[PDB]
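The chain below stands alone and is given in structure tokens; this is the form deposited in one PDB entry.
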């Protein structure tokens, strides 16, 4: 029970339990919402008072604000999950505000999900208390399954765990007071008699007065409330929109044109895109250039594995692998063959852009994935079967100033199972971290198994370790990993030099393979051996290739939201 590797965490939100069907997109519907008519309904609900729960001060504004803040106050950067865009099992007194909004959800039904309705109720409450917010973006599909200086540091830490700076933390604290700039929160907390303490009576937020950096931050706002009104606008925006993905995922006509630093923005498509006859002119140009299949697949997977299917940030778009925060990570081994791949895939970019049919310019963030797909095509063609990996271009390269080291320092994988990376600070073993990594990328069990089996053989291993590889000749996409694992002629033992690896004796005289910990799980766990026995049969060689191509393509197209 406790130590059982549960595969149920992969199909956590299936399509069988969705009451909407397969053919149902949340992007063609909320764009048709007339927010000018929805705000009237929200105003009516805010003004009225229902008898089953009386209206505090005859107004539901503050309740909606607290519901919105509490719904988007459970975000955590280390894992990404939580936030507002999720299901989060939609306290007690804050589970009735979800049922005080039914008169609005009833008029729309499917064109306005709860995850949008609650947060929009909060934002409209802010706009009704006399505040000019920054904007709003719909499109949060909801899952269908579940003393001062002693607390001052705690406040600075709790917000620091929610990707919140110091000035923005102060803005969020002061804004909640609710935000109407009439109660004069900071206007009295700084000009009041100090004999009135715990020992009118103030609250326990006296940290804002006594903490040095907090007091310095609030000194500006004491005499310049306009900067407070502007800083709370960005703080609220960040609070309710941290969970959602790139800027291209924002819907509705209320979204503001001004792009921010924390969205991880990328430049728009300032040119034409590469056609179909031209990508075949690049694939044959990607090879015959020096790069083998190992380097190309490692580079391509190293830029699209940073995705996080919880807050939908990271991914292959933008092409930040060439930039600073990721070309320095240990898993993307910088002193190895990464500074050479990056330089090689820029001469091709320069050469192609020089001699191009007009203005058909391709970006580096596109060339990296194109090189990966060309490498897989070559590897497959070297193993009998031939296949063309499908491709959806349109990525753009982001400059150094668009990204941010501090925000990207959390995306560093503490352990990457598909590449046998295992650093330090690993409480869980290497199997559960593989499961979590596959859950973040929105991978299903067959997809996870086929991806591991393909990546081991292809060459994507940390520092090209001989671990995992169960093939007599690499640089060829075969199912030889599954066949040699399900094979029962070998005998597995813990390694003599005990460091977490294993050793597969061939039974008779010698040692053939050298396994690992995130590898023998597939050969041991029955629920995964059931899939290994499917991909490692006699006839199912083409099935493995087709499934690997499909899973690879879906992983690469994970973060493609504009198309």
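Take the two forms, find the largest set of C-alpha atoms that superpose within 1.5 Å, and that set is the rigid core. Positions refer to the first chain, counted from 1.
Novice: Gap size between residue 199 and residue 200, counting deposited residues with no coordinates: none, 1 to 3, 4 to 9, or 10 or more?
Specialist: In the deposited sequence, 10 or more residues between these two have no coordinates.
Novice: How many missing residues of the deposited sequence lie between residue 146 and residue 147 in the entry, grouped as none, 1 to 3, 4 to 9, or 10 or more?
Specialist: Missing in between: 10 or more residues.
Quick note: we don't show the form deposited in another entry, though the next part is all about it.
Novice: With the two forms fitted on the rigid core, I'd like to know which residue in 392, 281, 183, 74 is displaced by 2 angstroms or more at its CA between this form and the one not shown.
Specialist: So the residue whose C-alpha moves 2 Å or more is 183.
Novice: Checking residue 492 here: with the core superposed, does its CA move 2 Å or more between this form and the one not shown?
Specialist: No.
Novice: After superposition on the rigid core, does the Cα atom of residue 193 shift by at least 2 Å between this form and the one not shown?
Specialist: Yes, the C-alpha moves 2 Å or more.
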